[PDB]
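Just so we're aligned, residue 22 is where the sequence shown starts under the authors' numbering, counting upward by one.
Even for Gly, the Cβ is constructed at its ideal location relative to N, Cα and C.
Here is the structure we will look at, set down as structure tokens.
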Amino acid sequence: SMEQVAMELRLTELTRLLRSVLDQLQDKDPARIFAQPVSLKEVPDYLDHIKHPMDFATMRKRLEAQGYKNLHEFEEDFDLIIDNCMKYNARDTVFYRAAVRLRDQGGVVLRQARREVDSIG
Numbered sequence: 022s023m024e025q026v027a028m029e030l031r032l033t034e035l036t037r038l039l040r041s042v043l044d045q046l047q048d049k050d051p052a053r054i055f056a057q058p059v060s061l062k063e064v065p066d067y068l069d070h071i072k073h074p075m076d077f078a079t080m081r082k083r084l085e086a087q088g089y090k091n092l093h094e095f096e097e098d099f100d101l102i103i104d105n106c107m108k109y110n111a112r113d114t115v116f117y118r119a120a121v122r123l124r125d126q127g128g129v130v131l132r133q134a135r136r137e138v139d140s141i142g
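Put into structure tokens, the structure is as follows:
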């Protein structure tokens, strides 16, 4: 149908906007602490701690499969990255501190993205 196509154009454009958001969030992690999944070879007990692991490469795979329906779903995945880290790692670690800084710096980007998504529909 003509509608399904219209729908698919909006998804593609959402994907386009979310790709830019993702790049902006990932620049706020210059140490690349959150770039890839926590290695289960190097942290064999990780899944006993964190039930829903997340990282930027995993989000990108979902993004490029047009797997995010709205910004809320995308934010859920970003929030997992941060919250998983803040639980697994203690307060006095480079990892916990990296997550706090990502959360704080990402807030600005996510604020404007919500306005853009509402604005452009």
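Query raised in the report: Quick one: what's got a C-beta closer than 7 angstroms to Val59's C-beta in the same chain, skipping five residues either side?
Result: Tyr67 and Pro74
**Report entry** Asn105 classed as buried or exposed, judged by whether at least 16 other C-beta atoms fall within 10 angstroms
**Finding:** buried
Query raised in the report: Which parts of the segment 31–68 are runs of the beta strand (DSSP E), unbroken and 3 residues or longer, counting only runs that do not cross its ends?
Result: none
Query - DSSP three-state assignment for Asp76, whether helix, strand or coil - result: coil
Query raised in the report: Are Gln45 and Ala56 touching if we call contact CB-CB under 9 angstroms?
Result: no
Requested in this report: Could you tell me which of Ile54, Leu61 and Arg37 sits nearest to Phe95, measuring between CA atoms?
Outcome: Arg37
**Report entry** Beta-carbon gap between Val130 and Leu35 smaller than 9 angstroms
**Finding:** no
Requested in this report: For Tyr89, name the three-state secondary structure that DSSP assigns.
Outcome: coil
**Report entry** Buried/exposed call for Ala52, threshold 16 Cβ in 10 Å
**Finding:** exposed
**Report entry** Delimiting residues of the alpha helix (DSSP H) encompassing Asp139
**Finding:** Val115 to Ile141
Report task. Have a look at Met28, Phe116 and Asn91 and flag the residue whose alpha-carbon is nearest the alpha-carbon of residue 19. Result -> Given that the chain is displayed from residue 22 to residue 142, the structure contains no residue 19 and the question cannot be resolved.
Requested in this report: With DSSP as the reference, label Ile71 as helix, strand or coil.
Outcome: coil
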